[PDB]
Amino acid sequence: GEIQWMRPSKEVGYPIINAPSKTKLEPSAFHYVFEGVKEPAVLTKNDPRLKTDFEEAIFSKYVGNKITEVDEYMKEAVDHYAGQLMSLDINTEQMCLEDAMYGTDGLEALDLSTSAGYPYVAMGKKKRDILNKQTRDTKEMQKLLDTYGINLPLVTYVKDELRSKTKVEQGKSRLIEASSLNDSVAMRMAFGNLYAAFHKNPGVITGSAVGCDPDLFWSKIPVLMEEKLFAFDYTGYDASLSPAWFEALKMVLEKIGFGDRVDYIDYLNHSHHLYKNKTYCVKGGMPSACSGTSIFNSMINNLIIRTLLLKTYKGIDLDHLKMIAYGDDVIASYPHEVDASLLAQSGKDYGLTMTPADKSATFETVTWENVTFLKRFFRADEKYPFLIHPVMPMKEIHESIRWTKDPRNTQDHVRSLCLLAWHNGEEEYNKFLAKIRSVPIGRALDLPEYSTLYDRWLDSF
């Protein structure tokens, strides 16, 4: 991804967009009960904690475009992945407007909580004023589609979340590029059934994990994997994607029956954004806008890994590459050992910056003991080995419980953390509950005990 130009929105006919400048994150009742070092990400250039230009820092993710066209290794990757998806017999017909709005099997309804994007954000009109879940009315939407059309600018928001001290000082805040409601709706009508098929088929055929339930999915993953695991992290995955990867994605779509609307991918590839009082054009780079976003990033990840394996290991048997991606995150395998360091080297030529799995200093062998997916380790249950626990380290949970975005959601927030934490074992879990109950807010919460969660887990299979 590369920003082509940036200038005052007024100069191109667009209004200034208002964006909050104060985080909703504040110390929780457990701020001093647990250890943590993360704090709210910088949201404005005037933040006292800054140690460098904010604007420059947030847009520095657009490192450029390393490639222009789709080479032969990419075309082969496209053929192999498309052929694989062909086995799913994905319904290729457009999804009706109602279902695209209020959902259907395999696709949840539009989030009435998120931004409606342009021009609604500037007209003060909100999703709640357009959508009606009780009636599933499409009249208001349809009228809005006819009026403002599609391919509208994406509204950029700084993401209000916790970040390390270094990232705060370096102004490395992540961005949200919200597509207009018109585009989200249009995109879901065009690819709704594709999204549904992926959501319903997490695994090594879709090569995707979007819509998965870790508590149940972890027990299924080991079986789908080949003998030798391999993995790596990406630095700024979304923004680093070159236009060629979007073209390769369109080829896949064309081959599986959606050649009909590959034009929608162009909107993601060559896109224009609104940020505050500025507008800019980006060539390449996946906008972080929705579940559609994550599915396409996942499909591209499948194309990337296949491409690097073909370029690095001529004669590789892609039919034995077993991988599952969630956006840029991935867990992969092959019958033979591969060199992640080599793959990373080939990756640079395709515009991808690949580093050792889980922040390792060097590229080390990935095993069932040290591998992580969605920040979770894999651990066989002590009593029933065939049941696999998704284990997220307590460190992350501790960091999260120390802050709140709304005192009214304390119960939900803490329960959600408990569902993640108990997998660390009964001893650790009880210590967690005892600390929570060391303050009045914690004592008033209705939280599940260990045996209750374990029984609930067994009963969910």
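Start at 1 and count along the sequence shown; that's the residue number.
Between the stretches 273-281 and 112-120, it is 112-120 that shows the larger average CA temperature factor. Mean CA B-factor, 43-51 versus 414-422: the higher value falls on 43-51. When the C-alpha B-factors of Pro335, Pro243, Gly171, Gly351 are ranked from the entry, the top spot goes to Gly171.
Which of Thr138, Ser219, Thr235, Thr312 has the largest Cα B-factor in the deposited entry comes down to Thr138.
Per the PDB record, residue ranking by Cα B-factor puts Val155 in the middle third of the chain.
In this PDB entry, the Cα temperature factor of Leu433 sits in the bottom third of its chain's modelled residues, the lowest group.
Remark: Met299 belongs to the lowest third of its chain, ranked by C-alpha B-factor as recorded.
Ranked by C-alpha B-factor against the other modelled residues of its chain, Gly103 falls in the highest third.
Ranked against the other modelled residues of its chain, the C-alpha B-factor of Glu72 as given in the entry falls in the middle third.
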